[PDB]
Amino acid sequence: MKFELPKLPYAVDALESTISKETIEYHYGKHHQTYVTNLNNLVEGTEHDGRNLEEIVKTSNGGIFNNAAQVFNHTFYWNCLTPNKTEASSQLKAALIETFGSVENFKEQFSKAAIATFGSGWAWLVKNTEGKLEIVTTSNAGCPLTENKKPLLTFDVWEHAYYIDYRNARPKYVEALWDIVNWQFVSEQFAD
């Protein structure tokens, strides 16, 4: 039928001081909503009308893709953040240590990848089909589902994600995000 904007998993000011109420107002309430509205408008009456969002992401192009992948990516992003205390599962910890040397090394690499992404895009931690962990960046609406990789964590690095709160200082934004990373959600995605 129609896609809806998922309910935010916390209050609009739950992520202060890291992300401001105003950012959430715009980012969730306007940008993420616009993607949902556009997706519905574009899908209506096509073969994609009725398909699950992940299939649409995996199999569309043009405007449908851009809007589909952004709806997915933003929902994923809100689930990657939390005002609550969390920690990596023992299994996720062990995987991070074995792949990147330590949890802190992963954070360093991931932060660097996120800071270096040019233009609008996303930084991802993914699990490939062999179960291996990789850092993946995407441009614009790009989503690792289209490469058959399972997303575990994402940082939005489109300027709208940080401009209100950090202006051009993306590194400060990336650094601060670690304080609200939802390691429970990341761990749950890693499981399997």
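Residues carry their position along the shown sequence, with the first being 1.
In this entry, 160 to 168 shows the higher mean Cα temperature factor of the pair 160 to 168 and 53 to 61.
Per-stretch averaging of Cα B factors for 70 to 78 and 94 to 102 places 94 to 102 on top. In the PDB entry, a CA B factor belonging to the lowest third of its chain's modelled residues is recorded for residue 47. When the CA B factors of the chain's modelled residues are split into thirds, the value for residue 144 lands in the lowest one. Looking at the C-alpha B-factors along this chain, the one for residue 120 belongs to the lowest third. For residue 151, the recorded CA B-factor ranks within the lowest third of the chain. Only modelled residues enter the ranking. In this PDB entry, residue 40 carries a Cα temperature factor that places it within the middle third of its chain's modelled residues.
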